[PDB]
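Peer 1: I have a structure here, written as structure tokens, and I will follow up with some questions on it.
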Ligand code: HEA
Ligand code: HEA
Ligand SMILES: [Ca+2]
Ligand SMILES: [Cu+2]
Ligand SMILES: [Zn+2]
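Chains as they are written, first to last, in the entry's author numbering: chain g, 2 to 60; chain c, 1 to 269; chain f, 45 to 146; chain d, 30 to 149; chain e, 85 to 151; chain a, 1 to 534; chain k, 13 to 125; chain h, 28 to 78.
So, in structure tokens, the structure goes:
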């Protein structure tokens with residue numbers, strides 16, 4: 002609803018990093034770090050079974 | 001302006017970007033995607049939850065990168081004329097790279113079709129394969145693409161002409177026509193006789209038009225974000241470069257769909 | 045350059061006459077010995093007088109070291125030393141071989 | 030408390046380059062919703078004043094130590110590439126006058142003095 | 085300057101000697117048993133066959149390279 | 001510390017991350033080549049207990065690491081991202097987050113290549129991963145998939161960096177620099193980026209086709225199903241010859257800088273060098289089937305391809321004759337980059353002459369998949385591109401690091417690698433002309449004689465690499481003292497013959513590019529005000 | 013306090029390349045209005061009398077192909093034509109689902125026996 | 028961000044003021060790279076029963 006001047010006055014007069022300057026940034030950024038932290042380390046846990054040759058249980 | 005006050009600005013028109021986490025985040029997401037798909041393709045991981053999580057993380061990290069680009073371009077005023085020219089040139093080199101991917105796929109189709117094998121029967125399309133006829137639904141798919149370009153052209157020129165309702169409505173018509181095309185391609189893929197496993201014909205056909213399908217679903221996404229930014233007054237009458245890149249993208253997907261049409265549906269039947 | 049030899053000498057005579065300090069006379073001497081010709085005796089004489097005007101003595105020795113490196117023979121060098129002898133003894137510069145005898 | 034700097038002489042830092050919004054039913058033109066360096070460049074082009082100097086080097090004459098070729102700089106140094114008293118007459122000699130040293134070319138021998146117009 | 089050509093000659097010959105010596109010391113870690121064909125008797129008995137089959141007439145056919 | 005190096009957005013930091021990864025992966029590839037060459041030293045199983053699959057996996061790792069993880073991120077990734085903004089006067093590259101992701105997708109390609117080695121048996125297929133060997137029948141398991149993903153992430157990096165380079169030198173040149181007044185290294189990175197942009201798509205298409213063939217039951221190159229592996233050979237080598245010209249063109253730029261600054265005279269006919277590089281890049285797309293002379297083409301196909309492969313000897317000959325002309329009449333200052341450049345000018349021409357021996361399809365039936373081809377390309381790779389890479393390091397390292405190297409140790413290192421590389425790669429022509437095939441872990445006993453001397457030379461080459469590691473250590477620790485004592489060359493140009501030692505002191509550097517005028521180690525904000533040029 | 017901080021950094025403001033900038037600024041508006049007018053004219057005179065003629069063509073084929081699938085639903089798999097050698101390549105089973113079914117596997121038009 | 032200038036501030040690793048010797052970091056950076064194919068060789072020979 003044309004908040005662009007009001008958002009310019011926040012994004013320019015701010016100290017926080019650019020991905021944190023919006024008021025709603027804590028709603029995006031805090032779940033994403035948890036989802037990212039499991040998404041990058043769960044294949045690394047399956048790397049040793051793939052080296053040993055152990056397939057997962059499907060039946 | 002005085003020397004004292006000119007010294008409080010940049011002296012050169014180029015964007016010195018602040019340090020950002022999304023390069024290394026997208027890199028680790030591509031790592032997790034590669035390591036997840038290479039282990040679910042061979043059964044070392046039970047289900048597709050890791051691949052789903054990796055693709056979701058990849059998409060959301062790209063979205064946060066694009067959010068920061070929107071923030072730089074709109075709320076900090078960092079995109080000058082030279083930066084605009086550079087972004088347009090980078091998008092043109094990008095679409096040249098993708099046209100070359102399609103040229104490799106057309107090379108694959110032509111190498112299979114110019115003189116076919118003996119295991120298909122010196123025949124094209126091969127024996128038993130019920131080819132998609134070019135008259136029924138792909139003709140409507142060419143029509144709703146040549147018309148989608150005509151809609152986005154007046155939407156663009158009405159964005160320049162000061163009109164707001166005539167540009168938003170044209171963008172909305174363009175977006176809905178693109179998703180009409182995507183659902184018609186889904187209907188063709190369901191009601192198609194051959195599958196992707198049905199030999200080299202199904203391979204090259206679904207490779208070419210499925211890459212076009214993926215480019216069209218990303219086109220629908222960027223038409224949606226252009227509608228959002230035009231309704232919320234981000235796009236202006238003289239400075240709309242993401243919109244311009246989307247227009248270039250529509251008009252190259254149009255001509256490569258035409259080449260896919262006349263090659264995969266007319267010459268190859 | 046489609047330059048004749050005479051245009052070279054008339055260019056570098058007036059080029060040496062307009063050098064005004066030690067940077068300029070050494071620079072002009074460098075880019076006149078950086079050609080595929082030994083300079084004529086007249087422009088070497090103008091170079092000696094130019095190094096006299098700036099009051100630097102080892103450049104007027106390095107002129108003769110440069111044309112020793114630049115000529116093809118040692119008799120061309122001795123021909124330069126014959127009729128450049130008067131200006132050399134008038135300015136009073138020594139050649140490097142008689143200054144540092146081996 | 031601040032306002033919007035109609036022309037270039039009213040620019041006072043970056044809090045003056047904000048803009049008024051569009052109304053509600055109009056597409057914004059860029060005098061409404063541009064900020065920052067893009068608004069500075071837009072203001073300059075509206076006045077005709079090209080900010081961001083892109084003029085090439087003065088190669089009309091040969092700088093002496095009596096009259097150098099004065100190079101304006103917003104810091105204490107500037108890299109300058111000499112190629113001759115016409116446009117290109119030798120292989121480019123890249124130089125760097127500071128505030129305390131002129132630069133002499135050594136191929137053509139032109140001399141570049143620097144004047145610092147900026148603030149330290 | 086003043087005897088560094090000699091330094092970077094001695095260093096090259098020292099590097100060659102060190103490389104030869106370490107190559108020998110890690111050839112001492114290889115398989116203890118070379119193949120049976122790499123002795124003189126086997127290679128004479130292969131040149132027997134090659135002379136019987138007229139092999140490599142204008143060049144040479146002889147296979148002996150070991151002791 | 002995390003924002004400067006993890007969240008990085010300046011090109012001069014991403015360049016040194018590229019360089020660290022490049023020299024790490026070059027140590028990896030050199031270790032792999034040492035294992036290959038140690039197994040090849042004598043007939044029979046020597047060090048790997050039989051197990052020719054492990055040999056093939058090591059050959060794959062050696063080729064992929066040395067090409068896509070040493071030479072490309074060294075030359076393009078390090079030197080282009082560092083020097084092209086500094087030599088066009090740009091403050092940074094255009095698109096810097098792209099420039100950061102184009103580095104950070106390379107450790108991820110490295111870890112997926114290493115676990116490609118560690119899963120079931122590794123992908124022993126050659127670096128040209130040909131089906132049907134690279135298929136799912138002949139290579140069961142996730143090895144080849146992970147190798148294909150390594151190639152995907154490296155192609156993502158080298159495509160994003162290519163877009164970045166093209167735009168940043170078409171758009172961010174400083175305010176006197178027309179396109180004709182560019183340095184030759186910038187033209188090198190420019191033409192290389194176009195070759196990357198035009199060639200990496202077809203490779204990505206071909207190996208994605210292979211990946212879908214392996215895992216998604218589709219049949220692009222499956223014969224029982226309608227495929228053809230010659231389609232893979234075409235789609236691969238349409239990238240594969242532009243790839244090897246990509247590997248060499250920044251080397252041409254580095255040599256044209258080094259030769260001119262150590263001959264103290266400019267390059268003979270610079271714009272003809274630009275035209276020659278552009279002609280090599282254009283003609284490199286027209287020659288791709290000289291790797292396919294045996295597969296069964298027509299005679300007119302092979303006649304055209306001998307003609308087109310032959311007529312690229314003209315611009316490379318123009319470049320090499322121009323290098324000889326720009327050292328003729330000079331004042332040669334025999335420093336380590338000059339030694340590397342002269343060694344380039346000899347050994348690259350020997351590799352190119354064996355290349356024009358290979359260009360004749362009439363004759364390539366005698367040399368295809370032999371060690372003669374291995375001799376040709378290891379000449380023009382490990383003596384063209386590696387020698388120009390060493391020349392670029394010894395040419396730019398004290399400027400962009402602030403620390404000088406030991407000069408005597410550098411010349412010892414040069415002479416050791418110049419001896420050792422010749423001793424490896426010169427007998428390979430003898431082996432290949434006598435009929436020794438490629439990619440074999442064991443050979444007939446008649447090939448033992450030159451194989452032994454080649455693996456003796458391998459130890460000389462890796463000894464000079466270890467010496468180079470020590471040279472890096474001595475530069476990083478004692479690099480401030482090497483300026484004080486006489487262990488290093490401080491000025492790469494001596495005074496001219498009439499230039500005083502005091503008149504030299506006001507004009508210490510005489511360069512035709514901005515790189516040697518900057519502050520040593522250059523500032524985080526170089527070019528606050530823009531540089532200016534007539 | 014520098015002495016030269018308060019002098020102007022640009023000098024004379026140019027008056028014809030500002031006017032030419034502003035006339036192009038206000039002339040691409042008028043040409044964009046006329047361009048939008050003729051393009052909505054094209055998009056409603058040509059593009060919707062194209063969808064209007066192809067929707068009535070595709071409703072007929074959406075009838076007569078759905079009815080062909082309707083009568084094909086009554087033909088069991090021993091009355092199915094035997095697949096050629098290249099049809100339904102099975103190198104390894106697909107990693108999702110039940111094996112042989114692909115991503116858009118409509119079981120009416122596709123059958124693997 | 029404004030970053031530090033100087034001689035040792037352009038490298039991601041620490042050289043001068045360290046509680047450990049630098050040659051540790053330097054030569055263990057390269058010995059790991061020289062030792063990846065030996066780890067590769069060891070695991071693909073233990074998988075093939077040669078050890
Ligand atoms: C980048 C290209 C490159 C380089 C440098 C090398 C270097 C070497 N290579 Fe090879 N090689 C290939 C590319 C290269 N190779 C390719 C493409 C194949 C084909 C694979 C296939 O057939 O599928 C191959 C295959 C191949 C074969 C054929 C074997 C076969 O067919 O199976 C052999 C033979 O022994 C070999 C050995 C060597 C040896 C002993 C070196 C030695 O020269 C190593 C000595 C080199 C150095 C010591 C370089 C310095 C090291 C650095 C890290 C530079 C650092 C400097 C800076 C960072 C500034 N490699
Ligand atoms: C550094 C990268 C590089 C460069 C620059 C070259 C340069 C050339 N190469 Fe090479 N080549 C490779 C990398 C490179 N190559 C690789 C990696 C392979 C093997 C791939 C694989 O199988 O795995 C290969 C293999 C290869 C083949 C395939 C053979 C086979 O696989 O069976 C051919 C065929 O024509 C070829 C020819 C040439 C020619 C004609 C040049 C020319 O560009 C050389 C031009 C230079 C000169 C000609 C010398 C200088 C000129 C003069 C002194 C002028 C006077 C000379 C004449 C008039 C002749 N090389
Ligand atoms: Ca062996
Ligand atoms: Cu080639
Ligand atoms: Zn000059």
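The beta-carbon is built from N, C-alpha and C at its ideal position, and this holds for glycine as well.
(1) If contact means a Cβ-Cβ distance below 9 Å, which residues of the segment 114–137 of chain a contact chain g?
(2) Flag this pair as touching only if the segment 202–220 of chain a and the segment 33–47 of chain k have three or more C-beta atom pairs under 8 Å; answer yes or no.
(3) Check whether the Cβ of residue 46 of chain f lies closer than 8 Å to any heavy atom of ligand 5, and answer yes or no.
(4) Just checking: is the beta-carbon of residue 51 of chain g within a distance shorter than 9 Å of some beta-carbon in chain a?
(5) What does residue 122 of chain d pair with, by DSSP beta-bridge criteria?
(6) Measuring only between beta-carbons, confirm whether residue 90 of chain k sits less than 9 Å from chain c.
(7) Report whether the distance from the Cβ of residue 441 of chain a to the nearest heavy atom of ligand 3 is below 8 Å.
(8) Using a Cβ-Cβ cut-off of 7 Å (strictly less than) and excluding sequence neighbours within five positions of residue 270 of chain a, which residues of its own chain qualify?
(9) Does residue 307 of chain a come within less than 9 Å of chain d when only Cβ atoms are used?
(10) Report all residues from its chain with a CB closer than 7 Å to the CB of residue 251 of chain c; omit the five preceding and five following residues, and keep chain order.
(11) How would you write the range of the alpha helix (DSSP H) that residue 155 of chain c sits in, first residue to last?
(12) For residue 36 of chain c, which three-state DSSP category applies?
(13) So is residue 519 of chain a in contact with chain c if we call contact Cβ pairs under 9 Å?
(14) Give me the residue from d:73, d:128, d:134 with the minimum Cα distance to residue 67 of chain f.
(15) Can you look up residue 143 of chain d in the DSSP assignment and give me helix, strand or coil?
(16) Assuming residue 93 of chain f contacts residue 138 of chain d under a Cβ cut-off of 8 Å, what Cβ separation, rounded to an integer in Å, is found between them?
(17) Within the chosen definition, does the segment 36–45 of chain c reach the segment 7–19 of chain c through at least 3 CB pairs nearer than 8 Å?
(18) What is the DSSP secondary structure of residue 11 of chain c, reduced to helix, strand or coil?
(19) Rounded to the nearest angstrom, what separates residue 67 of chain h and residue 525 of chain a at their Cα positions?
(20) Residue 91 of chain a and residue 179 of chain a - do their beta-carbons sit closer together than 9 Å?
(21) Please list the partners that residue 219 of chain a has in chain k, where partner means a Cβ-to-Cβ separation under 9 Å.
(22) Hey, does residue 527 of chain a have any beta-carbon neighbour from chain e nearer than 9 Å?
(23) Does any heavy atom of ligand 7 sit closer than 8 Å to the C-beta of residue 288 of chain a?
(24) Cutting at 6 Å between CB atoms, please list the residues of its own chain near residue 254 of chain c, excluding the five before and the five after it.
(25) Leaving out five residues before and five after residue 37 of chain d in sequence, what residues of the same chain have Cβ atoms less than 7 Å from its Cβ?
(26) Less than 6 Å between C-beta atoms, sequence neighbours within five positions excluded: which residues of the same chain meet that for residue 32 of chain c?
(27) Determine the contact status of residue 160 of chain a and residue 76 of chain a, defining contact as a CB-CB distance below 9 Å.
(28) Give the residues from the segment 83–110 of chain d that approach chain a closer than 8 Å (Cβ to any Cβ), ordered along the chain.
(29) Run the proximity test for residue 240 of chain a: is its beta-carbon closer than 8 Å to any non-hydrogen atom belonging to ligand 4?
(30) So which of a:104, a:124, a:149 has the shortest CA-CA distance to residue 113 of chain a?
(31) If you measure from each residue's Cβ to the nearest non-hydrogen atom of ligand 5, which ones come out under 6 Å, in chain order?
(32) Using a Cβ cut-off of 9 Å (strictly closer), state whether residue 76 of chain d contacts chain k.
(33) Between residue 33 of chain d and ligand 2, is there a pair consisting of the residue's CB and a ligand heavy atom that are separated by less than 8 Å?
(34) Assess, as a yes-or-no matter, whether the segment 24–34 of chain a is touched by the segment 63–80 of chain a under the definition of 3 or more beta carbon pairs within less than 8 Å.
(35) Compute every distance between the C-beta of residue 126 of chain a and the non-hydrogen atoms of ligand 2, then say whether any falls below 8 Å.
Peer 2: Working from what's here:
(1) 115, 118, 119, 120
(2) no
(3) Locating residue 46 of chain f in the third chain gives position 2, counting from the first residue. No.
(4) The sequence position of residue 51 of chain g within the first chain is 50, counting from 1. Cβ-Cβ to chain a under 9 Å: yes for residue 51 of chain g.
(5) On the fourth chain, residue 122 of chain d is found 93 positions in, with the first residue counted as 1. Looking at the DSSP output, residue 122 of chain d bridges to d:111.
(6) As a working note, residue 90 of chain k is residue 78 in the seventh chain. Not an interface residue.
(7) On the sixth chain, position 441 is the one that residue 441 of chain a refers to. Correct: residue 441 of chain a has its Cβ closer than 8 Å to ligand 3.
(8) Numbered from 1 along the sixth chain, position 270 holds the residue referred to as residue 270 of chain a. Around residue 270 of chain a, the same chain offers 184 as residues with beta carbons nearer than 7 Å, after the five sequence neighbours per side are excluded.
(9) By 1-based counting over the sixth chain, the position of residue 307 of chain a is 307. No, residue 307 of chain a does not count as interfacial toward chain d.
(10) Here residue 251 of chain c corresponds to residue number 251 of the second chain, with the count starting at 1. 149, listed in sequence order.
(11) Reading the second chain from its first residue, position 155 is the one you call residue 155 of chain c. 137–160 is the span of the alpha helix (DSSP H), which, as asked, contains residue 155 of chain c.
(12) Locating residue 36 of chain c in the second chain gives position 36, counting from the first residue. Residue 36 of chain c falls in the helix class under three-state DSSP.
(13) Within the sixth chain, the letter at position 519 stands for residue 519 of chain a. No - not a single Cβ of chain c is within 9 Å of the one on residue 519 of chain a.
(14) The count along the third chain starts at 1 and reaches residue 67 of chain f at position 23. Ranking d:73, d:128, d:134 by Cα distance to residue 67 of chain f puts d:134 first.
(15) Residue 143 of chain d sits at position 114 when you count from the first residue of the fourth chain. Three-state result, residue 143 of chain d: strand.
(16) In the third chain, counting from the first residue as 1, residue 93 of chain f sits at position 49. In the fourth chain, counting from the first residue as 1, residue 138 of chain d sits at position 109. The C-beta distance from residue 93 of chain f to residue 138 of chain d rounds to 19 Å, too long to fall under 8 Å, and the pair is not in contact.
(17) no
(18) Locating residue 11 of chain c in the second chain gives position 11, where the first residue counts as 1. Correct three-state label for residue 11 of chain c: coil.
(19) Sequence index remark: in the eighth chain, residue 67 of chain h carries index 40 (1-based). Sequence index remark: in the sixth chain, residue 525 of chain a carries index 525 (1-based). Distance between the alpha carbons of residue 67 of chain h and residue 525 of chain a: 44 Å.
(20) Here residue 179 of chain a corresponds to residue number 179 of the sixth chain, with the count starting at 1. Here residue 91 of chain a corresponds to residue number 91 of the sixth chain, with the count starting at 1. Not in contact: residue 179 of chain a and residue 91 of chain a (Cβ atoms no closer than 9 Å).
(21) Working through the sixth chain from its first residue, we reach residue 219 of chain a at position 219. Against chain k, a Cβ distance below 9 Å from residue 219 of chain a picks out 98, 101, 103.
(22) Looking up residue 527 of chain a in the sixth chain gives position 527. Judged by the 9 Å Cβ criterion, residue 527 of chain a is not in contact with chain e.
(23) Absent from the structure shown: ligand 7. Ligands present: ligand 1, ligand 2, ligand 3, ligand 4 and ligand 5.
(24) Counted from its first residue, the second chain places residue 254 of chain c at position 254. Sequence-distant Cβ neighbours of residue 254 of chain c in its own chain, meaning closer than 6 Å and more than five residues away, are 145, 149.
(25) Residue 37 of chain d sits at position 8 when you count from the first residue of the fourth chain. The answer, listed in chain order, is 72, 73, 76, 78.
(26) Position 32 of the second chain holds residue 32 of chain c. 54, listed in sequence order.
(27) For the purposes of this step, residue 160 of chain a is taken as residue 160 along the sixth chain, with counting starting at 1. For the purposes of this step, residue 76 of chain a is taken as residue 76 along the sixth chain, with counting starting at 1. Not in contact: residue 160 of chain a and residue 76 of chain a (Cβ atoms no closer than 9 Å).
(28) 83, 84, 85, 86, 87, 88, 100, 102, 103, 104, 107, 108, 109, 110
(29) As a working note, residue 240 of chain a is residue 240 in the sixth chain. Result yes, Cβ under 8 Å from ligand 4.
(30) Against the sixth chain, residue 113 of chain a aligns to sequence position 113. With distances taken between Cα atoms, residue 113 of chain a lies closest to a:149.
(31) d:111, d:113, d:119, d:122, d:134, d:136, d:137, d:139
(32) Along the fourth chain, one-based indexing puts residue 76 of chain d at 47. With 9 Å as the cut-off, residue 76 of chain d counts as an interface residue toward chain k.
(33) Here residue 33 of chain d corresponds to residue number 4 of the fourth chain, with the count starting at 1. Residue 33 of chain d: no, Cβ never under 8 Å from ligand 2.
(34) yes
(35) Sequence index remark: in the sixth chain, residue 126 of chain a carries index 126 (1-based). It does: the Cβ of residue 126 of chain a is within 8 Å (strictly closer) of some heavy atom of ligand 2.
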